[PDB]
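**Q** Which chain is which? The protein sequence lines are 7, X, G and 9, in order.
Mapped onto the authors' numbering, the consecutive letters of the first sequence carry residue numbers 600 to 620, 632 to 663, 665 to 699.
Per the authors' numbering: the second sequence ends with 21, consecutive numbering throughout.
Per the authors' numbering: the third sequence ends with 395, consecutive numbering throughout.
Mapped onto the authors' numbering, the consecutive letters of the fourth sequence carry residue numbers 530 to 818, 824 to 853, 860 to 921.
The beta-carbon is built from N, C-alpha and C at its ideal position, and this holds for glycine as well.
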Amino acid sequence: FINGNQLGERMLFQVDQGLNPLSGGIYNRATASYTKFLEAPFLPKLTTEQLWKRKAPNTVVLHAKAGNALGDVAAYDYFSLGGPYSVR
Amino acid sequence: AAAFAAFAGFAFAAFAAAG
Amino acid sequence: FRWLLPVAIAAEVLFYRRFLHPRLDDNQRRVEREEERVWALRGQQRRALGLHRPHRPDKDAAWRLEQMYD
Amino acid sequence: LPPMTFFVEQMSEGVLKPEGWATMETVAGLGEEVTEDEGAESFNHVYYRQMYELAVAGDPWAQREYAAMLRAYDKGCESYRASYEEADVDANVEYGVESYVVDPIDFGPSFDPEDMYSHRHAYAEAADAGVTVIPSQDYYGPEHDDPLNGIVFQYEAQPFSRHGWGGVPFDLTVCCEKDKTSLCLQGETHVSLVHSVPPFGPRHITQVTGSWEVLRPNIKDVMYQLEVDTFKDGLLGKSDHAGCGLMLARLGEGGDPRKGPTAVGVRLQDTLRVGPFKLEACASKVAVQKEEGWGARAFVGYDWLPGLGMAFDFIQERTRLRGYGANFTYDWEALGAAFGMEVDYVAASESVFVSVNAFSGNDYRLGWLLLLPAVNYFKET
Ligand SMILES: CCCCCCCCCCCC
Numbered sequence: 600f601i602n603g604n605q606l607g608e609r610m611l612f613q614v615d616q617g618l619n620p632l633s634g635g636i637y638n639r640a641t642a643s644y645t646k647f648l649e650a651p652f653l654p655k656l657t658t659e660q661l662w663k665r666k667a668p669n670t671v672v673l674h675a676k677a678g679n680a681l682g683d684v685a686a687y688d689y690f691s692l693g694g695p696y697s698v699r
Numbered sequence: 003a004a005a006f007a008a009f010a011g012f013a014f015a016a017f018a019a020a021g
Numbered sequence: 326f327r328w329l330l331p332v333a334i335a336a337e338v339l340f341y342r343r344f345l346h347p348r349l350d351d352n353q354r355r356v357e358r359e360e361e362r363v364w365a366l367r368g369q370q371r372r373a374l375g376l377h378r379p380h381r382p383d384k385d386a387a388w389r390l391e392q393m394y395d
Numbered sequence: 530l531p532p533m534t535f536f537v538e539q540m541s542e543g544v545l546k547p548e549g550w551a552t553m554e555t556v557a558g559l560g561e562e563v564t565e566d567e568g569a570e571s572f573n574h575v576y577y578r579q580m581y582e583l584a585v586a587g588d589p590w591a592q593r594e595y596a597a598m599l600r601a602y603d604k605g606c607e608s609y610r611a612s613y614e615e616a617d618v619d620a621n622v623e624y625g626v627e628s629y630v631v632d633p634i635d636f637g638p639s640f641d642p643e644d645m646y647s648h649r650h651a652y653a654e655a656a657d658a659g660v661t662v663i664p665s666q667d668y669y670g671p672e673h674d675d676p677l678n679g680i681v682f683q684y685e686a687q688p689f690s691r692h693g694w695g696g697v698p699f700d701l702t703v704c705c706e707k708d709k710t711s712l713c714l715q716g717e718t719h720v721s722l723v724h725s726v727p728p729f730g731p732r733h734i735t736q737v738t739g740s741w742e743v744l745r746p747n748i749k750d751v752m753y754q755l756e757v758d759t760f761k762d763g764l765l766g767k768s769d770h771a772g773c774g775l776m777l778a779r780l781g782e783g784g785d786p787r788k789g790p791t792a793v794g795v796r797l798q799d800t801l802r803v804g805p806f807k808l809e810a811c812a813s814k815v816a817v818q824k825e826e827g828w829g830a831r832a833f834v835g836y837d838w839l840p841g842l843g844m845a846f847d848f849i850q851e852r853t860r861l862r863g864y865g866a867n868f869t870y871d872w873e874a875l876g877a878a879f880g881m882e883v884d885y886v887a888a889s890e891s892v893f894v895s896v897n898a899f900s901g902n903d904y905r906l907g908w909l910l911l912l913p914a915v916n917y918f919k920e921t
């Protein structure tokens, strides 16, 4: 966070393996989230970078989330789609 | 008890407003 | 079905322990280097005006001090 | 509309005291160190207002006093501006461009990763804004999303003040929870008014509070409440802290009740010292639209036994079940431990409840003292 605006990259990986062979069974849930806050290519460079002194750069955020489940997984832990965080 | 409470409240309010 | 469960597991490892394990460690090592730099500058502060050594703690004390306010 | 017992319990809170004025530290001491004491601050407020009035009238001494106060105020303001500029420069020096980040709220233990969703609540520190923002946590939230829903804003001010003297204390609190389906909006406002000060008369204060609640999808009705309370000290003695309050509650659809169920309540509060007993009493009567409920709370203390605390409660429904409750509290220090006991007696149900809390920090002697449940525990098959 520079001048109140965030730039950079963030990767988040979650793996859930059910080593259940006792009703859970075999299940494999993999979630990968990649978020990139990049300076806007169209917007010219702000004064906060060059002069070093007081401006927050304009940002473009690209977020990709991929979730895959394999095996038999109960409805309690089932992957879904929706919710305020996932999709407004 | 209702009449006593109402009378006491009215008297207290009047006394506080007088000063 | 279930028969494909183990094989994919290898792929997960193939992604983590071949890629995740070095990468983050690199950054960790990078941080360590920066830390050393700071102490070097402190040495200069002790070098000027004839000041004695700042008796920096050992790494064993340092990683414990990570749990502290430091 | 809630039952009259709820209103009678709300009204019989106890001895109350409205909030007073706030004072600056630089102006009050004219650039010198000061301490805290009430009565000497409201005196400064009213005194400076009166001296301003007299200086406008033409008294030279009032003019001199006001000029000195203005000089001190200007010096304090310039000092604070310089301090703010220096603090901003230092903050820039420490972190060149990186704004300070805030610690995320810790929810607690769960089977989900404890470090997950921490990035969402880590935001850059906000500017010196007047409002205060707090998150609201619901009971049950989404399984795979954060359980924080809604927000609440809190604001305080003392407007209509000149040079930091005088004004009207004003507090506001708004809780808003808005989603694609529901809407919860709870607002509350408090306003304080001061009529006189001990040097210029008695202590006369009036507090006006107004609270409204809206729950759109479930209730589809709004509720309004307005209460006015008057407090004056030494009404029947040197100090009695007399207070009288009047509340009006309405459940109309919008604005005026428009035939909506109304309720009117009145409360009285006073404390008195008779012999060895310092008794505090608060009694209220509420009437809804036609049952009437009565409530009374009393706190009684005995100076020869300061360790015992005695509270009495009496609640009467519409004529006429009278509920009487007595609560006694006591404390003592055991061997390397502290034990606190509470006894609650109710005559309506003829019940007595005794609770004893224990804290030991030296050793586990109390643990070895109590071992009955281990033997009492049986497999029973
Ligand atoms: C401006 C005159 C001073 C007294 C004002 C009293 C207003 C409150 C009385 C009614 C509420 C109990």
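Just mark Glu756 (chain 9) as buried or exposed, buried being the case when its beta carbon has 16 or more other beta carbons within 10 Å.
**A** As a first step, residue 756 (chain 9) must be located in the fourth sequence, where it is residue number 227. Answer is buried; the Cβ neighbour count reaches 16.
**Q** Can you round the beta-carbon distance between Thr759 (chain 9) and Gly739 (chain 9) to whole angstroms, since I take them to be within the 8 Å contact cut?
**A** Numbered from 1 along the fourth sequence, position 230 holds the residue referred to as residue 759 (chain 9). Numbered from 1 along the fourth sequence, position 210 holds the residue referred to as residue 739 (chain 9). Wrong, their Cβ atoms sit about 16 Å apart, outside the cutoff.
**Q** Suppose the cutoff is 8 Å on Cβ atoms and the five residues either side in sequence are ignored; what does the same chain contact list for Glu608 (chain 7) look like?
**A** The residue you call residue 608 (chain 7) lines up with position 9 of the first sequence. Same-chain partners within the cutoff: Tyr644, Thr645, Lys646 and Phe647.
**Q** Apart from the five residues just before and just after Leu611 (chain 7), which ones in its own chain have a Cβ nearer than 6 Å to its Cβ?
**A** Here residue 611 (chain 7) refers to the residue found at position 12 of the first sequence. Counting only Cβ-Cβ distances below 6 Å, and skipping sequence neighbours, we find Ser643.
**Q** Determine, using beta carbons only, whether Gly679 (chain 9) comes closer than 8 Å to chain 7.
**A** By 1-based counting over the fourth sequence, the position of residue 679 (chain 9) is 150. Not one chain 7 Cβ lies under 8 Å of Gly679 (chain 9).
**Q** Entirely within the segment 660–704 of chain 9 and at least 3 residues each: give me those beta strand (DSSP E) ranges in chain order.
**A** As far as the segment 660–704 of chain 9 is concerned, its whole beta strand (DSSP E) runs of at least 3 residues are 661–666 and 677–686.
**Q** Is it the case that the segment 789–803 of chain 9 contacts the segment 539–550 of chain 9, given that we only count it when at least three CB pairs across the two stretches are under 8 Å?
**A** Cβ pair count under 8 Å is three or more, so yes.
**Q** Under 8 Å between the Cβ atoms of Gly827 (chain 9) and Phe536 (chain 9)?
**A** The residue given as residue 827 (chain 9) occupies position 293 in the fourth sequence. The residue given as residue 536 (chain 9) occupies position 7 in the fourth sequence. Cβ atoms of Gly827 (chain 9) and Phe536 (chain 9): closer than 8 Å.
**Q** Name, please, each residue of chain 9 whose Cβ falls closer than 9 Å to the Cβ of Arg609 (chain 7).
**A** What you label residue 609 (chain 7) is simply residue 10 of the first sequence in a count that begins at 1. Near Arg609 (chain 7) (Cβ distances below 9 Å), the residues of chain 9 are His648.
**Q** Tell me whether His574 (chain 9), by its Cβ, gets closer than 7 Å to a heavy atom of ligand 1.
**A** Taking the fourth sequence and counting its residues from 1, the one referred to as residue 574 (chain 9) is at position 45. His574 (chain 9): no, Cβ never under 7 Å from ligand 1.
**Q** Flag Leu775 (chain 9) as yes when its Cβ comes closer than 7 Å to any non-hydrogen atom of ligand 1, and as no otherwise.
**A** Taking the first residue of the fourth sequence as position 1, residue 775 (chain 9) is located at position 246. Yes, the beta carbon of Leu775 (chain 9) sits closer than 7 Å to at least one heavy atom of ligand 1.
**Q** Quick check on the burial criterion: 16 or more other C-beta atoms within 10 angstroms. Buried or exposed for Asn573 (chain 9)?
**A** Counting from 1 along the fourth sequence, the entry for residue 573 (chain 9) is found at position 44. That one is buried.
**Q** Is it the case that the Cβ atoms of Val697 (chain 9) and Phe682 (chain 9) are separated by a distance below 8 Å?
**A** By one-based count along the fourth sequence, residue 697 (chain 9) stands at place 168. By one-based count along the fourth sequence, residue 682 (chain 9) stands at place 153. Taking 8 Å as the Cβ cut-off, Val697 (chain 9) and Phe682 (chain 9) do not qualify as a contacting pair.
**Q** Under the rule that 16 or more other beta-carbon atoms within 10 Å means buried, what is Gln850 (chain 9), buried or exposed?
**A** Residue numbering aside, residue 850 (chain 9) sits at position 316 when the fourth sequence is read from its first letter. Under this definition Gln850 (chain 9) is a buried residue.
**Q** Is there at least one Cβ from chain G nearer than 8 Å to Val614 (chain 7)'s Cβ?
**A** Here residue 614 (chain 7) is taken as the residue at index 15 of the first sequence, counted from 1. For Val614 (chain 7), the answer is yes, since a Cβ of chain G falls inside 8 Å of its Cβ.
**Q** Looking at ligand 1, does it come within less than 7 Å of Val556 (chain 9), judged from the CB to the closest heavy atom?
**A** Counting from one through the fourth sequence, the residue named residue 556 (chain 9) turns up at place 27. Result no, Cβ not under 7 Å from ligand 1.
**Q** Shorter than 7 Å, the distance from the beta carbon of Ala7 (chain X) to the closest heavy atom of ligand 1, or not?
**A** As a first step, residue 7 (chain X) is located in the second sequence; it is residue number 5 there, counting from the start. Incorrect: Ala7 (chain X) has no Cβ contact closer than 7 Å to ligand 1.
**Q** Can we count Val757 (chain 9) as close to ligand 1, meaning its CB is less than 7 Å from some heavy atom?
**A** As a position in the fourth sequence, residue 757 (chain 9) is number 228, starting the count at 1. True, at least one ligand heavy atom lies under 7 Å from that Cβ.
**Q** Which residues share a DSSP beta bridge with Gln850 (chain 9)?
**A** One-based indexing of the fourth sequence puts residue 850 (chain 9) at position 316. According to DSSP, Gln850 (chain 9) bridges with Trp828 (chain 9) and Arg862 (chain 9).
**Q** Report the residue ranges of all alpha helix (DSSP H) runs contained in full by the segment 545–587 of chain 9; include only those spanning at least 4 residues, in chain order.
**A** DSSP runs (the alpha helix (DSSP H)) wholly in the segment 545–587 of chain 9: 554–557 and 571–586.
**Q** Pull up the CB-CB distance for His377 (chain G) and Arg371 (chain G), whole angstroms please, since I reckon it's below 8 Å.
**A** Against the third sequence, residue 377 (chain G) aligns to sequence position 52. Against the third sequence, residue 371 (chain G) aligns to sequence position 46. Contact holds; Cβ gap of about 7 Å.
**Q** Along the chain, where does the alpha helix (DSSP H) that runs through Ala596 (chain 9) open and close?
**A** On the fourth sequence, residue 596 (chain 9) is found 67 positions in, with the first residue counted as 1. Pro589 to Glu623 is the extent of the alpha helix (DSSP H) around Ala596 (chain 9).
**Q** Pull up the DSSP beta-bridge partners for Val793 (chain 9), would you.
**A** For the purposes of this step, residue 793 (chain 9) is identified with residue 264 of the fourth sequence, where counting begins at 1. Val793 (chain 9) pairs with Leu777 (chain 9) and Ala816 (chain 9).
**Q** Using 8 Å as the threshold, is the segment 651–661 of chain 9 in touch with the segment 623–637 of chain 9, meaning 3 or more CB pairs across them?
**A** The answer is yes - the segment 623–637 of chain 9 touches the segment 651–661 of chain 9, with three or more Cβ pairs under 8 Å.
**Q** Is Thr738 (chain 9) near ligand 1, judged by its Cβ being under 7 Å from some heavy atom?
**A** Counted from its first residue, the fourth sequence places residue 738 (chain 9) at position 209. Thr738 (chain 9): no, Cβ never under 7 Å from ligand 1.
**Q** From the beta carbon of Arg389 (chain G), is the nearest beta carbon of chain 7 less than 8 Å away?
**A** If you number the third sequence from 1, residue 389 (chain G) lands on position 64. Not an interface residue.
**Q** Go to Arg609 (chain 7), then tell me how far its alpha helix (DSSP H) extends in each direction, as first and last residue.
**A** Reading the first sequence from its first residue, position 10 is the one you call residue 609 (chain 7). From DSSP, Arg609 (chain 7) is part of no alpha helix (DSSP H) but of the beta strand (DSSP E) over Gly607 to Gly617.
**Q** In whole angstroms, what separates the C-alpha of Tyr687 (chain 7) from that of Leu632 (chain 7)?
**A** Here residue 687 (chain 7) is taken as the residue at index 76 of the first sequence, counted from 1. Here residue 632 (chain 7) is taken as the residue at index 22 of the first sequence, counted from 1. Going by the C-alpha atoms only, they are around 15 Å apart.
**Q** Whose Cβ in chain X lies nearer than 8 Å to the Cβ of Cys773 (chain 9)?
**A** Residue numbering aside, residue 773 (chain 9) sits at position 244 when the fourth sequence is read from its first letter. Going along chain X in sequence order, the residues near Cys773 (chain 9) (Cβ under 8 Å) are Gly11, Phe14, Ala15 and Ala18.
**Q** Could you check if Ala19 (chain X) belongs to the surroundings of ligand 1, using beta carbon to heavy atom distance under 7 Å?
**A** Counted from its first residue, the second sequence places residue 19 (chain X) at position 17. Yes, the beta carbon of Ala19 (chain X) sits closer than 7 Å to at least one heavy atom of ligand 1.
**Q** Round the Cβ separation of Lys767 (chain 9) and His733 (chain 9) to the nearest angstrom and send it over; I've been treating them as touching at under 8 Å.
**A** By one-based count along the fourth sequence, residue 767 (chain 9) stands at place 238. By one-based count along the fourth sequence, residue 733 (chain 9) stands at place 204. Contact doesn't hold; Cβ gap of about 16 Å is too wide.
**Q** Go ahead and label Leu374 (chain G) buried or exposed: buried means 16 or more other beta carbons lie within 10 angstroms of its beta carbon, across all protein chains shown.
**A** Residue mapping note: residue 374 (chain G) aligns to position 49 of the third sequence, counting from 1. Exposed: under 16 other Cβ atoms inside 10 Å.
**Q** Comparing C-alpha positions only, which one of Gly635 (chain 7), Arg639 (chain 7) and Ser697 (chain 7) sits nearest to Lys676 (chain 7)?
**A** The residue labelled residue 676 (chain 7) in the question sits at position 65 within the first sequence. If we check each option's Cα against that of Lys676 (chain 7), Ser697 (chain 7) comes out closest.
**Q** Between which two residues does the beta strand (DSSP E) holding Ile734 (chain 9) run?
**A** In the fourth sequence, counting from the first residue as 1, residue 734 (chain 9) sits at position 205. Its beta strand (DSSP E) spans residues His733 to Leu744.
**Q** Out of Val618 (chain 9), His692 (chain 9) and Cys713 (chain 9), state which residue places its alpha-carbon closest to the alpha-carbon of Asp667 (chain 9).
**A** Working through the fourth sequence from its first residue, we reach residue 667 (chain 9) at position 138. When each option's Cα is compared against that of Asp667 (chain 9), the closest is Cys713 (chain 9).
**Q** For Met645 (chain 9), does the three-state DSSP call read helix, strand or coil?
**A** Taking the fourth sequence and counting its residues from 1, the one referred to as residue 645 (chain 9) is at position 116. In the structure shown, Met645 (chain 9) sits in coil (DSSP, three-state: anything other than H, G, I, E or B).
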